[PDB]
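Below, chain A is the first sequence line, B the second, and so on; all start at residue 1.
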Amino acid sequence: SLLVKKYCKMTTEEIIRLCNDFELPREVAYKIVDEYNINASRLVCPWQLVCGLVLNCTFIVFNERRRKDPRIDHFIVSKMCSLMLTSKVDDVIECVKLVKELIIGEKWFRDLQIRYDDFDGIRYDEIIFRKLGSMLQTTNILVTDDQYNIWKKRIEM
DNA sequence: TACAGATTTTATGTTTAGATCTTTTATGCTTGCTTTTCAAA
């Protein structure tokens, strides 16, 4: 598996072509390249770092269609194990959980979360009522209005 | 004015909460030396 081999050396072309497999814009891929170039000589398994960075970027870039459809979350992680030569899925989840704490406090990741409105999966208007202890926050019991509208369109079609 | 009772004043004892200083002991930095896994060939 690609998550096991150590001390690999990579080119910029491999990183920028692996970034375009998941449909990322140019500046996000450039920030992924720069985050790799900062920690170039102080790295053990670069494939894990690149995999988890392109993951944590493509949940943020594709959060709204993940809210539209949940199985895309099972589609991006299925595309990753079909490229990283890894049989199981839990290694990729532990990989992204491990690389998440390395970029959490940085300015570019904060600006990405601001610009694409991810904030660990929910809007600012929802997270400011969840942290305040507002009981009037939207609970995860009923479906959303857009989901009800597209379901009613599916019924009428 | 006048005296009985209530309250204040002054004085001392009892117990608790806490400060300050002193002494002995733990701990952390410094320097030198030796062990032991780690990225590279």
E94(A) and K97(A): CA distance, side-chain angles, deciding distance, salt bridge (charged side-chain N to carboxylate O under 4.0 Å, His left out) verdict: CA-CA 5 Å; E94(A) 290 281 326; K97(A) 269 204 169 203; over 6 Å; no
Transitive ILVMFWY side-chain link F109(A) to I38(A), under 4.5 Å: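 In one cluster: no.
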Distance below 4.0 Å between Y7(A) side-chain N/O and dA39(B) OP1 or OP2: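 The answer is yes; a side-chain N or O of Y7(A) sits under 4.0 Å from OP1 or OP2.
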Length of the line joining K6(A):NZ and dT37(B):P, which is rounded to integer Å: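 Distance check: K6(A) NZ to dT37(B) P gives 14 Å.
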Integer-rounded Å distance: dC38(B) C1' and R42(A) CZ: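 Rounded to whole Å, this separation is 16 Å.
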Crowding at CZ, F129(A) (>12 non-hydrogen neighbours, <6.0 Å):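 Result for CZ/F129(A): open.
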